[PDB]
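upload-v3.cif follows (mmCIF, C-alpha atoms):
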```
data_start
loop_
_atom_site.label_atom_id
_atom_site.label_comp_id
_atom_site.auth_asym_id
_atom_site.auth_seq_id
_atom_site.Cartn_x
_atom_site.Cartn_y
_atom_site.Cartn_z
CA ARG A 340 0.00 0.00 0.00
CA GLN A 341 2.82 2.46 0.97
CA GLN A 342 4.88 1.58 -2.17
CA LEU A 343 1.73 2.08 -4.38
CA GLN A 344 1.18 5.51 -2.68
CA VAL A 345 4.76 6.72 -3.59
CA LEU A 346 4.38 5.48 -7.23
CA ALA A 347 0.98 7.33 -7.40
CA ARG A 348 2.60 10.51 -6.05
CA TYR A 349 5.46 10.21 -8.62
CA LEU A 350 2.99 9.82 -11.55
CA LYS A 351 0.92 12.86 -10.31
CA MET A 352 -2.09 10.55 -10.14
CA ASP A 353 -4.99 11.25 -7.72
CA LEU A 354 -6.55 7.87 -6.72
CA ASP A 355 -9.63 9.60 -5.10
CA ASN A 356 -10.39 11.98 -8.07
CA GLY A 357 -12.93 9.27 -9.11
CA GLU A 358 -14.81 9.05 -5.77
CA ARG A 359 -14.70 12.91 -5.47
CA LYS A 360 -16.38 13.55 -8.89
CA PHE A 361 -18.94 10.83 -7.87
CA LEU A 362 -19.87 12.30 -4.40
CA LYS A 363 -20.34 15.72 -6.14
CA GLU A 364 -22.79 14.10 -8.71
CA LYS A 365 -24.73 12.18 -5.98
CA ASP A 366 -25.41 15.71 -4.51
CA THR A 367 -26.81 17.07 -7.84
CA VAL A 368 -29.05 13.92 -7.98
CA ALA A 369 -30.32 14.58 -4.39
CA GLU A 370 -31.00 18.22 -5.48
CA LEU A 371 -32.93 17.33 -8.77
CA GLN A 372 -34.89 14.58 -6.93
CA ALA A 373 -35.92 17.26 -4.33
CA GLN A 374 -37.19 19.58 -7.17
CA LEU A 375 -39.15 16.66 -8.76
CA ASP A 376 -40.52 15.31 -5.42
CA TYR A 377 -41.88 18.83 -4.81
CA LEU A 378 -43.71 19.09 -8.18
CA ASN A 379 -45.25 15.65 -7.35
CA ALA A 380 -46.34 16.99 -3.93
CA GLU A 381 -47.90 20.10 -5.64
CA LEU A 382 -49.52 18.61 -8.76
CA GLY A 383 -50.05 15.05 -7.57
CA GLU A 384 -48.88 11.76 -9.08
CA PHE A 385 -52.08 11.52 -11.23
CA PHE A 386 -51.43 14.85 -13.02
CA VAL A 387 -47.63 14.25 -13.49
CA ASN A 388 -48.10 10.74 -15.00
CA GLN B 292 7.98 46.53 -57.75
CA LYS B 293 6.17 47.57 -61.04
CA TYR B 294 8.71 45.37 -63.00
CA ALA B 295 8.12 42.33 -60.65
CA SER B 296 4.28 42.82 -60.96
CA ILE B 297 4.45 42.73 -64.87
CA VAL B 298 7.05 39.89 -65.43
CA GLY B 299 5.80 37.91 -62.32
CA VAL B 300 9.01 37.78 -60.15
CA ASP B 301 8.92 38.03 -56.25
CA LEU B 302 11.17 40.16 -53.86
CA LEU B 328 15.02 14.42 -25.53
CA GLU B 329 11.79 13.44 -23.54
CA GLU B 330 11.53 9.74 -24.68
CA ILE B 331 13.50 8.77 -21.47
CA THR B 332 11.28 10.60 -18.87
CA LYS B 333 8.41 8.75 -20.72
CA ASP B 334 10.02 5.24 -20.61
CA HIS B 335 10.62 5.62 -16.82
CA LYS B 336 6.98 6.78 -16.16
CA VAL B 337 5.86 3.71 -18.20
CA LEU B 338 7.84 1.48 -15.78
CA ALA B 339 6.41 3.26 -12.70
CA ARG B 340 2.85 2.94 -14.16
CA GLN B 341 3.38 -0.85 -14.73
CA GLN B 342 4.80 -1.34 -11.18
CA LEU B 343 1.78 0.60 -9.71
CA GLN B 344 -0.58 -1.68 -11.76
CA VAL B 345 0.94 -4.92 -10.23
CA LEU B 346 0.77 -3.46 -6.66
CA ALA B 347 -2.92 -2.49 -7.33
CA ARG B 348 -3.64 -6.03 -8.59
CA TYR B 349 -1.95 -7.53 -5.47
CA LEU B 350 -4.03 -5.34 -3.08
CA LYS B 351 -7.30 -6.26 -4.96
CA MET B 352 -7.83 -2.56 -5.56
CA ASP B 353 -9.86 -1.29 -8.57
CA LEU B 354 -8.47 2.15 -9.59
CA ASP B 355 -11.48 2.84 -11.93
CA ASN B 356 -14.25 1.85 -9.39
CA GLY B 357 -14.42 5.64 -8.67
CA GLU B 358 -14.92 6.81 -12.29
CA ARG B 359 -17.39 3.89 -12.88
CA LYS B 360 -19.71 4.83 -9.94
CA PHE B 361 -19.47 8.47 -11.22
CA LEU B 362 -20.42 7.75 -14.92
CA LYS B 363 -23.41 5.70 -13.60
CA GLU B 364 -24.58 8.75 -11.46
CA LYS B 365 -24.10 11.24 -14.36
CA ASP B 366 -26.67 9.00 -16.21
CA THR B 367 -29.27 9.22 -13.35
CA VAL B 368 -28.74 13.05 -13.42
CA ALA B 369 -29.36 13.14 -17.23
CA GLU B 370 -32.52 11.03 -16.60
CA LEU B 371 -33.95 13.24 -13.71
CA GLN B 372 -33.11 16.44 -15.69
CA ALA B 373 -35.12 14.96 -18.65
CA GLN B 374 -38.17 14.35 -16.32
CA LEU B 375 -37.91 17.94 -14.93
CA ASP B 376 -37.28 19.59 -18.36
CA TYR B 377 -40.51 17.88 -19.51
CA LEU B 378 -42.66 19.20 -16.62
CA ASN B 379 -41.25 22.70 -17.46
CA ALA B 380 -42.24 22.18 -21.13
CA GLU B 381 -45.79 21.10 -20.03
CA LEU B 382 -46.57 23.53 -17.19
CA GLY B 383 -44.29 26.40 -18.17
CA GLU B 384 -41.54 28.14 -16.20
CA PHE B 385 -44.08 30.65 -14.72
CA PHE B 386 -46.24 27.91 -13.12
CA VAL B 387 -43.24 25.82 -11.84
CA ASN B 388 -41.51 28.83 -10.18
CA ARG C 340 7.31 -12.79 -10.29
CA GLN C 341 5.10 -9.99 -11.78
CA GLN C 342 7.54 -7.24 -10.61
CA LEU C 343 10.50 -9.21 -12.14
CA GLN C 344 8.51 -9.49 -15.44
CA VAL C 345 8.04 -5.64 -15.68
CA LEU C 346 11.77 -5.01 -14.88
CA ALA C 347 12.68 -7.60 -17.61
CA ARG C 348 10.37 -5.85 -20.09
CA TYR C 349 11.93 -2.43 -19.21
CA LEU C 350 15.51 -3.75 -19.76
CA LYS C 351 14.50 -5.34 -23.14
CA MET C 352 15.66 -8.67 -21.76
CA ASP C 353 14.19 -11.99 -23.05
CA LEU C 354 14.32 -14.54 -20.17
CA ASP C 355 13.48 -17.49 -22.55
CA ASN C 356 16.09 -16.59 -25.29
CA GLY C 357 18.32 -19.17 -23.47
CA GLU C 358 15.83 -22.09 -23.53
CA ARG C 359 14.86 -21.19 -27.17
CA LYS C 360 18.48 -21.37 -28.52
CA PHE C 361 18.79 -24.69 -26.54
CA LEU C 362 15.60 -26.40 -27.94
CA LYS C 363 16.78 -25.40 -31.48
CA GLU C 364 20.23 -27.12 -30.82
CA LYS C 365 18.61 -30.28 -29.31
CA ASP C 366 16.87 -30.57 -32.77
CA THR C 367 20.19 -30.36 -34.73
CA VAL C 368 21.56 -33.09 -32.34
CA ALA C 369 18.49 -35.33 -33.05
CA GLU C 370 19.11 -34.71 -36.81
CA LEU C 371 22.94 -35.52 -36.75
CA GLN C 372 22.30 -38.60 -34.53
CA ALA C 373 19.75 -39.80 -37.18
CA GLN C 374 22.41 -39.41 -39.98
CA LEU C 375 25.00 -41.33 -37.86
CA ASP C 376 22.54 -44.05 -36.69
CA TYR C 377 21.81 -44.66 -40.40
CA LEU C 378 25.49 -45.09 -41.41
CA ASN C 379 25.78 -47.59 -38.48
CA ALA C 380 22.70 -49.45 -39.81
CA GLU C 381 24.27 -49.54 -43.35
CA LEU C 382 27.94 -50.27 -42.63
CA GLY C 383 27.60 -52.00 -39.27
CA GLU C 384 29.19 -51.20 -35.91
CA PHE C 385 32.25 -53.41 -36.74
CA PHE C 386 33.15 -51.40 -39.89
CA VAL C 387 32.50 -47.94 -38.29
CA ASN C 388 34.65 -48.67 -35.18
#
```
Translate this file's structure into structure tokens.
Amino acid sequence: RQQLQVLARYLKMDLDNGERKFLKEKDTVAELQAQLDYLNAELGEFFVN
Amino acid sequence: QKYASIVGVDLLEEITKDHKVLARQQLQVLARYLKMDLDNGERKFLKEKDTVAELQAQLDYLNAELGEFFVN
Amino acid sequence: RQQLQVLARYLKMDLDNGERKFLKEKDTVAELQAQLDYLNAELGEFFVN
């Protein structure tokens, strides 16, 4: 694990960049679901379908 | 310049690479040994960017139906 | 073993080149023994000795 970490550092290679980008998208999903769950609360499932 | 206009005359870094290739290959075998997917992050992310696309399409439709005035 | 393999690749160093060259010679031996075993079959061991 420690040897991997120094090779990653040498190659200028962020191993978390993936999980970062992902956590940031999971927030925009949460946000858009909140907008859409609201319109369902206002208009009703019958009207939206 | 009148004459010329009439007649038509006129008046290194393939070593730094080869090392970084070695380092990359060594990293890859350590990753394999530790049972450690380096793309698992970007996978999970591409899959979420699809669910965003999908929910934006649902929401862009309700705006097309009801209008921006009504939704706001 | 895997680490050795990437160092070998980097140094442009065939680890089998030895056993190749050898298998190829063991064939030329087989071939020359077949020529010599034939002359013994024709002339006889008494005549060849």
Q: Step by step, work through what the PyMOL selection byres ((chain B and resi 333-336) around 12) selects in the shown file, and finish by giving those residues as an MDAnalysis selection string.
A: (chainID A and resid 346:352) or (chainID B and resid 328:332 337:343) or (chainID C and resid 345:346 348:351)
(Q) Would you mind listing, as a ChimeraX atom specification, all residues of chain B that have at least one atom within 8 Å of chain A, where only C-alpha atoms are what counts? (A) /B:336,339-340,342-343,346-347,350,354-362,364-365,367-368,371-372,374-375,378,387
**Q.** Coordinates-based distance that separates CA of residue 369 in chain B from CA of residue 385 in chain B (Å, one decimal)
**A.** 23.0 Å
Range 359-373 of chain A: axis-aligned bounding box, 5 Å on each side, centre and edge lengths in Å, one decimal, as JSON:
```
{"center_x": -25.3, "center_y": 14.5, "center_z": -6.6, "size_x": 31.2, "size_y": 17.4, "size_z": 14.6}
```
Q. Distance CA of residue 370 in chain B-CA of residue 376 in chain A, one decimal place?
A.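 The value is 14.4 Å.
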Q: Quick one: pull the distance between CA of residue 376 in chain B and CA of residue 363 in chain B, Å, one decimal.
A: 20.2 Å
Just write range 344-388 of chain B with N, CA and C atoms, as a compact mmCIF listing (two decimals), in the first residue's frame, taken from the block above.
```txt
# COMPACT_ATOMS: atom_id res chain seq x y z
N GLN B 344 0.44 -0.72 -11.28
CA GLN B 344 -0.58 -1.68 -11.76
C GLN B 344 -0.44 -3.04 -11.06
N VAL B 345 0.77 -3.59 -10.91
CA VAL B 345 0.94 -4.92 -10.23
C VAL B 345 0.71 -4.78 -8.72
N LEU B 346 1.09 -3.68 -8.10
CA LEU B 346 0.77 -3.46 -6.66
C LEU B 346 -0.74 -3.34 -6.44
N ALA B 347 -1.45 -2.67 -7.36
CA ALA B 347 -2.92 -2.49 -7.33
C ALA B 347 -3.59 -3.86 -7.45
N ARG B 348 -3.10 -4.67 -8.37
CA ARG B 348 -3.64 -6.03 -8.59
C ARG B 348 -3.47 -6.84 -7.31
N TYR B 349 -2.33 -6.71 -6.65
CA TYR B 349 -1.95 -7.53 -5.47
C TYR B 349 -2.88 -7.19 -4.31
N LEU B 350 -3.19 -5.90 -4.18
CA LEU B 350 -4.03 -5.34 -3.08
C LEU B 350 -5.54 -5.47 -3.38
N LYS B 351 -5.91 -5.93 -4.57
CA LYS B 351 -7.30 -6.26 -4.96
C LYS B 351 -8.08 -4.95 -4.93
N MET B 352 -7.58 -4.00 -5.71
CA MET B 352 -7.83 -2.56 -5.56
C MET B 352 -8.14 -2.00 -6.94
N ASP B 353 -9.42 -1.83 -7.26
CA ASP B 353 -9.86 -1.29 -8.57
C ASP B 353 -9.65 0.22 -8.57
N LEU B 354 -8.80 0.71 -9.46
CA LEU B 354 -8.47 2.15 -9.59
C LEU B 354 -9.55 2.91 -10.36
N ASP B 355 -10.41 2.22 -11.11
CA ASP B 355 -11.48 2.84 -11.93
C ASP B 355 -12.82 2.83 -11.18
N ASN B 356 -13.02 1.93 -10.22
CA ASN B 356 -14.25 1.85 -9.39
C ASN B 356 -14.84 3.25 -9.13
N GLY B 357 -14.01 4.24 -8.85
CA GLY B 357 -14.42 5.64 -8.67
C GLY B 357 -15.08 6.19 -9.90
N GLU B 358 -14.37 6.24 -11.03
CA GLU B 358 -14.92 6.81 -12.29
C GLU B 358 -16.12 5.99 -12.79
N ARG B 359 -16.19 4.68 -12.53
CA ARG B 359 -17.39 3.89 -12.88
C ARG B 359 -18.60 4.46 -12.14
N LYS B 360 -18.69 4.25 -10.84
CA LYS B 360 -19.71 4.83 -9.94
C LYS B 360 -20.15 6.22 -10.40
N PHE B 361 -19.21 7.08 -10.76
CA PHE B 361 -19.47 8.47 -11.22
C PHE B 361 -20.22 8.48 -12.55
N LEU B 362 -19.76 7.75 -13.58
CA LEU B 362 -20.42 7.75 -14.92
C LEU B 362 -21.88 7.27 -14.77
N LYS B 363 -22.10 6.29 -13.92
CA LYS B 363 -23.41 5.70 -13.60
C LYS B 363 -24.34 6.75 -12.97
N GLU B 364 -23.81 7.65 -12.12
CA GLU B 364 -24.58 8.75 -11.46
C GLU B 364 -24.88 9.85 -12.47
N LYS B 365 -23.91 10.23 -13.29
CA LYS B 365 -24.10 11.24 -14.36
C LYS B 365 -25.24 10.82 -15.29
N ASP B 366 -25.51 9.52 -15.44
CA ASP B 366 -26.67 9.00 -16.21
C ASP B 366 -27.97 9.28 -15.45
N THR B 367 -28.04 8.97 -14.15
CA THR B 367 -29.27 9.22 -13.35
C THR B 367 -29.55 10.72 -13.30
N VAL B 368 -28.53 11.58 -13.36
CA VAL B 368 -28.74 13.05 -13.42
C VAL B 368 -29.42 13.40 -14.74
N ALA B 369 -28.82 13.00 -15.86
CA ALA B 369 -29.36 13.14 -17.23
C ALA B 369 -30.84 12.76 -17.25
N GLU B 370 -31.17 11.63 -16.63
CA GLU B 370 -32.52 11.03 -16.60
C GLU B 370 -33.47 11.96 -15.83
N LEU B 371 -33.17 12.30 -14.57
CA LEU B 371 -33.95 13.24 -13.71
C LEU B 371 -34.03 14.64 -14.33
N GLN B 372 -33.01 15.12 -15.01
CA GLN B 372 -33.11 16.44 -15.69
C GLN B 372 -34.12 16.31 -16.84
N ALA B 373 -34.20 15.17 -17.51
CA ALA B 373 -35.12 14.96 -18.65
C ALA B 373 -36.58 14.98 -18.14
N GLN B 374 -36.85 14.37 -16.98
CA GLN B 374 -38.17 14.35 -16.32
C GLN B 374 -38.62 15.77 -15.98
N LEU B 375 -37.69 16.57 -15.48
CA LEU B 375 -37.91 17.94 -14.93
C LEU B 375 -38.00 18.96 -16.07
N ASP B 376 -37.27 18.73 -17.16
CA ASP B 376 -37.28 19.59 -18.36
C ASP B 376 -38.60 19.40 -19.08
N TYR B 377 -39.23 18.25 -18.88
CA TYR B 377 -40.51 17.88 -19.51
C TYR B 377 -41.62 18.62 -18.77
N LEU B 378 -41.69 18.46 -17.46
CA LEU B 378 -42.66 19.20 -16.62
C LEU B 378 -42.56 20.71 -16.85
N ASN B 379 -41.39 21.26 -17.13
CA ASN B 379 -41.25 22.70 -17.46
C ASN B 379 -41.85 22.98 -18.83
N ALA B 380 -41.69 22.06 -19.76
CA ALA B 380 -42.24 22.18 -21.13
C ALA B 380 -43.77 22.12 -21.07
N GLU B 381 -44.33 21.26 -20.21
CA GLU B 381 -45.79 21.10 -20.03
C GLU B 381 -46.42 22.27 -19.28
N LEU B 382 -45.90 22.59 -18.11
CA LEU B 382 -46.57 23.53 -17.19
C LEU B 382 -46.10 24.94 -17.46
N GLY B 383 -44.87 25.08 -17.93
CA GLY B 383 -44.29 26.40 -18.17
C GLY B 383 -43.47 26.85 -16.99
N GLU B 384 -42.50 27.70 -17.23
CA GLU B 384 -41.54 28.14 -16.20
C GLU B 384 -42.31 28.99 -15.19
N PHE B 385 -43.28 29.79 -15.63
CA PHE B 385 -44.08 30.65 -14.72
C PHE B 385 -44.78 29.85 -13.63
N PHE B 386 -45.47 28.80 -14.01
CA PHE B 386 -46.24 27.91 -13.12
C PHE B 386 -45.28 27.18 -12.20
N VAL B 387 -44.14 26.69 -12.67
CA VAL B 387 -43.24 25.82 -11.84
C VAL B 387 -42.56 26.68 -10.75
N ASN B 388 -42.03 27.83 -11.13
CA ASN B 388 -41.51 28.83 -10.18
C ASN B 388 -42.61 29.36 -9.25
```
